[PDB]
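Here is the structure we will look at, set down as structure tokens.
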Amino acid sequence: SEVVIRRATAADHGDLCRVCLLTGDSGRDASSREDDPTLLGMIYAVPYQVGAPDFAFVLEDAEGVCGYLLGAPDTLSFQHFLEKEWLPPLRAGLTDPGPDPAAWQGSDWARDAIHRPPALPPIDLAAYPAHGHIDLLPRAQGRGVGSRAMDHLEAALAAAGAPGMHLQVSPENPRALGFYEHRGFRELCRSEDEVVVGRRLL
Ligand SMILES: CC(=O)SCCNC(=O)CCNC(=O)[C@H](O)C(C)(C)COP(=O)(O)OP(=O)(O)OC[C@H]1O[C@@H](n2cnc3c(N)ncnc32)[C@H](O)[C@@H]1OP(=O)(O)O
Ligand SMILES: [Cl-]
């Protein structure tokens, strides 16, 4: 049952994508919903390791990678990386299912997100410049591993000078919402599609 936090490497990309897929439907398995099992992790997980390698970690137990913990200390910096170094190769040759959500199937929402990324959420980026994401496989859930992992990431971002961080959570993931509330994160904004929570770090 022992889980350690280890620095992530490019050798972990495959496992990042797997964990991303297995938790990408508001925290639950999205495999049945996506037609491309890699897009999710290529949009939401892999670029953290490539663009912010000093704040990317995996959780690993005897069976192998059982989660990840990924951060970026500065939203503007990381968007530069996405806009100039990640989204362009991702777009090359990439089918565009059109901007109308009504015709989309499977991973089409993800293709559109790549061609036309969403605006950043309506929050105070000076107060909460850092951000991150955590996802544990069920085998590593329910026993404080998320708590220890969030301690690690909050500390790493604080050590980099970040005064606050925000995280995006699905409104249909009330477990994660309750998890963050319990850690002293407050709700910064809420739409029918997304909740953003934040905490000051210094
Ligand atoms: C910002 C994002 O990354 S959103 C996506 C989050 N990822 C997911 O939902 C993927 C699937 N689930 C997970 O990865 C994990 O379940 C996490 C990260 C959400 C939580 O990590 P876990 O290790 O499972 O937390 P655990 O359930 O053990 O609870 C840890 C603490 O929070 C408390 N807590 C946890 N969930 C809740 C809750 N839903 N409501 C109130 N308190 C809660 C627990 O009682 C415990 O309290 P304690 O430290 O005082 O004893
Ligand atoms: Cl979520």
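By convention in this document, the chains of the structure tokens carry letters A, B, ... by their order, each chain's residues are numbered from 1, and ligands are numbered from 1 in the order they are shown.
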inquiry  = Within 8 Å of ligand 2 (counting only C-alpha atoms and all ligand atoms), which residues show up? I'd like them as a list in words.
reply    = residues 23, 24, 25, 26, 27, 168, 169, 170, 171, 172, 173 and 176 of chain A
Take the residues from that selection and write them out as an mmCIF file, in the first residue's frame, keeping N, CA, C and O atoms.
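File part.cif, as written:
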data_model
loop_
_atom_site.group_PDB
_atom_site.id
_atom_site.type_symbol
_atom_site.label_atom_id
_atom_site.label_comp_id
_atom_site.auth_asym_id
_atom_site.auth_seq_id
_atom_site.Cartn_x
_atom_site.Cartn_y
_atom_site.Cartn_z
ATOM 1 N N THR A 23 -9.433 8.958 -15.137
ATOM 2 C CA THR A 23 -10.080 9.895 -14.209
ATOM 3 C C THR A 23 -10.704 11.137 -14.888
ATOM 4 O O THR A 23 -11.097 12.120 -14.215
ATOM 5 N N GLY A 24 -10.811 11.105 -16.209
ATOM 6 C CA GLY A 24 -11.096 12.333 -16.945
ATOM 7 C C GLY A 24 -12.553 12.699 -17.126
ATOM 8 O O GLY A 24 -12.882 13.766 -17.668
ATOM 9 N N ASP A 25 -13.437 11.816 -16.678
ATOM 10 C CA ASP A 25 -14.860 12.118 -16.672
ATOM 11 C C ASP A 25 -15.264 12.562 -15.266
ATOM 12 O O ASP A 25 -15.722 11.755 -14.457
ATOM 13 N N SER A 26 -15.072 13.842 -14.974
ATOM 14 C CA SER A 26 -15.334 14.364 -13.645
ATOM 15 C C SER A 26 -14.754 13.454 -12.550
ATOM 16 O O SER A 26 -15.393 13.217 -11.516
ATOM 17 N N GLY A 27 -13.544 12.946 -12.769
ATOM 18 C CA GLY A 27 -12.880 12.138 -11.744
ATOM 19 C C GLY A 27 -13.021 10.643 -11.955
ATOM 20 O O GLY A 27 -12.315 9.845 -11.312
ATOM 21 N N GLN A 168 -8.984 23.770 -11.393
ATOM 22 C CA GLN A 168 -10.298 23.609 -11.992
ATOM 23 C C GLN A 168 -10.866 22.239 -11.681
ATOM 24 O O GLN A 168 -10.161 21.244 -11.759
ATOM 25 N N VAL A 169 -12.135 22.203 -11.260
ATOM 26 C CA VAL A 169 -12.797 20.972 -10.849
ATOM 27 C C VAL A 169 -14.173 20.939 -11.498
ATOM 28 O O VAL A 169 -14.853 21.971 -11.559
ATOM 29 N N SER A 170 -14.589 19.778 -11.977
ATOM 30 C CA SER A 170 -15.930 19.654 -12.552
ATOM 31 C C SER A 170 -17.011 19.788 -11.480
ATOM 32 O O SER A 170 -16.865 19.250 -10.376
ATOM 33 N N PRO A 171 -18.117 20.489 -11.802
ATOM 34 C CA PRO A 171 -19.219 20.544 -10.852
ATOM 35 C C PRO A 171 -19.770 19.144 -10.543
ATOM 36 O O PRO A 171 -20.436 18.955 -9.520
ATOM 37 N N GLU A 172 -19.507 18.178 -11.415
ATOM 38 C CA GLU A 172 -19.993 16.826 -11.197
ATOM 39 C C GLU A 172 -18.971 15.985 -10.444
ATOM 40 O O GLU A 172 -19.069 14.765 -10.427
ATOM 41 N N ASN A 173 -17.983 16.638 -9.838
ATOM 42 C CA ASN A 173 -16.987 15.928 -9.027
ATOM 43 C C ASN A 173 -17.072 16.463 -7.610
ATOM 44 O O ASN A 173 -16.145 17.119 -7.114
ATOM 45 N N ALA A 176 -14.111 15.734 -5.168
ATOM 46 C CA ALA A 176 -12.940 16.565 -5.259
ATOM 47 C C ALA A 176 -13.256 17.925 -4.705
ATOM 48 O O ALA A 176 -12.430 18.510 -4.010
#
Site check for ligand 1: residues at most 10 Å away, only C-alpha atoms and all ligand atoms, as a PyMOL selection string = chain A and resi 19-20+22-29+66-71+131-150+166-183+195-198
Include C-alpha atoms and write out the residues we just selected as an mmCIF file, in the first residue's frame.
data_model
loop_
_atom_site.group_PDB
_atom_site.id
_atom_site.type_symbol
_atom_site.label_atom_id
_atom_site.label_comp_id
_atom_site.auth_asym_id
_atom_site.auth_seq_id
_atom_site.Cartn_x
_atom_site.Cartn_y
_atom_site.Cartn_z
ATOM 1 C CA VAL A 19 -4.236 8.062 -15.487
ATOM 2 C CA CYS A 20 -5.711 11.099 -17.208
ATOM 3 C CA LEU A 22 -9.062 6.772 -16.208
ATOM 4 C CA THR A 23 -10.080 9.895 -14.209
ATOM 5 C CA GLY A 24 -11.096 12.333 -16.945
ATOM 6 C CA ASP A 25 -14.860 12.118 -16.672
ATOM 7 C CA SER A 26 -15.334 14.364 -13.645
ATOM 8 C CA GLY A 27 -12.880 12.138 -11.744
ATOM 9 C CA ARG A 28 -14.181 8.849 -13.159
ATOM 10 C CA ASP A 29 -13.147 6.634 -16.061
ATOM 11 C CA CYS A 66 -0.829 5.144 -9.465
ATOM 12 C CA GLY A 67 -1.427 8.855 -9.998
ATOM 13 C CA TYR A 68 0.199 12.162 -10.858
ATOM 14 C CA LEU A 69 0.568 15.535 -9.335
ATOM 15 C CA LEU A 70 1.284 18.334 -11.798
ATOM 16 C CA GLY A 71 1.789 22.049 -11.325
ATOM 17 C CA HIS A 131 -2.198 26.081 -10.917
ATOM 18 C CA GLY A 132 -2.120 22.333 -10.951
ATOM 19 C CA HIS A 133 -3.918 19.055 -11.254
ATOM 20 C CA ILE A 134 -3.952 15.779 -9.273
ATOM 21 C CA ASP A 135 -5.426 12.453 -10.255
ATOM 22 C CA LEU A 136 -5.120 9.177 -8.326
ATOM 23 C CA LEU A 137 -6.215 5.748 -9.578
ATOM 24 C CA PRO A 138 -8.903 4.128 -7.358
ATOM 25 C CA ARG A 139 -6.325 1.826 -5.781
ATOM 26 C CA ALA A 140 -4.580 4.916 -4.305
ATOM 27 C CA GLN A 141 -7.744 6.860 -3.334
ATOM 28 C CA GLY A 142 -9.494 7.221 0.046
ATOM 29 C CA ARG A 143 -6.437 7.014 2.301
ATOM 30 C CA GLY A 144 -4.716 10.427 2.513
ATOM 31 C CA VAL A 145 -2.388 10.027 -0.480
ATOM 32 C CA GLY A 146 -4.064 13.054 -2.117
ATOM 33 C CA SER A 147 -3.526 15.040 1.033
ATOM 34 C CA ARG A 148 0.212 14.199 1.110
ATOM 35 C CA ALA A 149 0.542 14.851 -2.638
ATOM 36 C CA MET A 150 -1.220 18.226 -2.371
ATOM 37 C CA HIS A 166 -6.095 27.780 -8.461
ATOM 38 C CA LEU A 167 -7.417 24.485 -9.729
ATOM 39 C CA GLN A 168 -10.298 23.609 -11.992
ATOM 40 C CA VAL A 169 -12.797 20.972 -10.849
ATOM 41 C CA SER A 170 -15.930 19.654 -12.552
ATOM 42 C CA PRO A 171 -19.219 20.544 -10.852
ATOM 43 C CA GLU A 172 -19.993 16.826 -11.197
ATOM 44 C CA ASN A 173 -16.987 15.928 -9.027
ATOM 45 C CA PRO A 174 -18.344 16.775 -5.607
ATOM 46 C CA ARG A 175 -15.829 14.455 -3.975
ATOM 47 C CA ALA A 176 -12.940 16.565 -5.259
ATOM 48 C CA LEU A 177 -14.817 19.743 -4.420
ATOM 49 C CA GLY A 178 -15.230 18.508 -0.829
ATOM 50 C CA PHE A 179 -11.620 17.377 -0.765
ATOM 51 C CA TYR A 180 -10.370 20.891 -1.572
ATOM 52 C CA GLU A 181 -12.803 22.707 0.706
ATOM 53 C CA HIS A 182 -11.461 20.548 3.543
ATOM 54 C CA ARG A 183 -7.924 21.785 2.673
ATOM 55 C CA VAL A 195 -15.674 25.258 -10.642
ATOM 56 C CA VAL A 196 -12.405 26.982 -9.897
ATOM 57 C CA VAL A 197 -11.054 26.818 -6.349
ATOM 58 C CA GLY A 198 -8.060 28.608 -4.901
#
task = Just list the residues in segment 12-115 of chain A DSSP gives strand (DSSP E or B) on the backbone, as a VMD selection string.
result = chain A and resid 25 28 56 to 61 64 to 72
request  = Would you kindly return, as a VMD selection string, each protein, DNA or RNA residue with an atom no farther than 9 Å from any atom of residue 125 of chain A, considering only C-alpha atoms and excluding same-chain residues fewer than 4 positions away?
outcome  = chain A and resid 74 to 76 129 to 130 164 to 166
task = To one decimal in Å, tell me the separation between atom CA of residue 11 of chain A and atom CA of residue 52 of chain A.
result = 15.3 Å
task = Rounded to one decimal place, report the atom CA of residue 127 of chain A-atom CA of residue 161 of chain A distance in Å.
result = 12.0 Å
ask   = With distances taken over only C-alpha atoms, which of A:187, A:3, A:159, A:47 is nearest to residue 80 of chain A?
value =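 Selected residue with least distance to residue 80 of chain A: A:47.
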request  = as a VMD selection string, list the residues of segment 9-196 of chain A assigned to alpha helix (DSSP H) by DSSP on the backbone atoms of this structure.
outcome  = chain A and resid 13 to 22 39 to 44 46 to 51 75 to 81 87 to 91 108 to 115 145 to 159 174 to 182
ask   = For the atom pair atom CA of residue 110 of chain A and atom CA of residue 40 of chain A, what is the interatomic distance in Å to one decimal place?
value =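 Going from atom CA of residue 110 of chain A over to atom CA of residue 40 of chain A, I get 7.0 Å.
Closest approach to residue 12 of chain A among A:43, A:30, A:82, A:65 is made by A:65 (distances from only C-alpha atoms).
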inquiry  = Give me the residues near segment 98-103 of chain A as a PyMOL selection string, where near means some atom within 12 Å (using only C-alpha atoms) and where sequence neighbours in that chain fewer than 6 positions away do not count.
reply    = chain A and resi 109-118
key: Selected residue of minimal separation from residue 81 of chain A among A:126, A:45, A:94, A:50, counting only C-alpha atoms   =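 Nearest to residue 81 of chain A: A:50.
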task = May I ask which of the residues A:18, A:1, A:51, A:156 is the closest one to residue 83 of chain A, counting only C-alpha atoms?
result =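 Selected residue with least distance to residue 83 of chain A: A:51.
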ask   = What's the 10 Å shell around residue 53 of chain A, counting only C-alpha atoms, without same-chain residues fewer than 5 positions away, as a ChimeraX atom specification?
value = /A:7-10,46-48,70-72
Give me a file of those residues, with N, CA and C atoms, as a PDB file, in the first residue's frame.
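And here's selection-v1.pdb as it stands now:
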ATOM      1  N   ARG A   7       9.810  12.463  -8.923  1.00  0.00           N
ATOM      2  CA  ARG A   7       9.825  13.379 -10.102  1.00  0.00           C
ATOM      3  C   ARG A   7       9.419  12.647 -11.376  1.00  0.00           C
ATOM      4  N   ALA A   8       8.577  13.280 -12.202  1.00  0.00           N
ATOM      5  CA  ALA A   8       8.139  12.659 -13.448  1.00  0.00           C
ATOM      6  C   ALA A   8       9.207  12.812 -14.537  1.00  0.00           C
ATOM      7  N   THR A   9       9.196  11.897 -15.492  1.00  0.00           N
ATOM      8  CA  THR A   9      10.121  11.890 -16.633  1.00  0.00           C
ATOM      9  C   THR A   9       9.311  11.688 -17.942  1.00  0.00           C
ATOM     10  N   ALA A  10       9.953  11.848 -19.098  1.00  0.00           N
ATOM     11  CA  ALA A  10       9.198  11.614 -20.340  1.00  0.00           C
ATOM     12  C   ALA A  10       8.837  10.170 -20.461  1.00  0.00           C
ATOM     13  N   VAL A  46       0.387  15.536 -20.056  1.00  0.00           N
ATOM     14  CA  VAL A  46       1.732  15.582 -20.652  1.00  0.00           C
ATOM     15  C   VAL A  46       2.385  16.969 -20.731  1.00  0.00           C
ATOM     16  N   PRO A  47       1.646  18.011 -21.172  1.00  0.00           N
ATOM     17  CA  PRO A  47       2.337  19.298 -21.270  1.00  0.00           C
ATOM     18  C   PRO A  47       2.843  19.845 -19.950  1.00  0.00           C
ATOM     19  N   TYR A  48       2.254  19.443 -18.825  1.00  0.00           N
ATOM     20  CA  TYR A  48       2.851  19.857 -17.565  1.00  0.00           C
ATOM     21  C   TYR A  48       4.278  19.305 -17.416  1.00  0.00           C
ATOM     22  N   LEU A  70       0.633  17.513 -10.770  1.00  0.00           N
ATOM     23  CA  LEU A  70       1.284  18.334 -11.798  1.00  0.00           C
ATOM     24  C   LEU A  70       0.995  19.801 -11.531  1.00  0.00           C
ATOM     25  N   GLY A  71       2.009  20.625 -11.575  1.00  0.00           N
ATOM     26  CA  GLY A  71       1.789  22.049 -11.325  1.00  0.00           C
ATOM     27  C   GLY A  71       2.535  22.989 -12.257  1.00  0.00           C
ATOM     28  N   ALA A  72       2.122  24.255 -12.199  1.00  0.00           N
ATOM     29  CA  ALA A  72       2.840  25.315 -12.873  1.00  0.00           C
ATOM     30  C   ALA A  72       2.812  26.531 -11.969  1.00  0.00           C
TER      31      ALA A  72
END
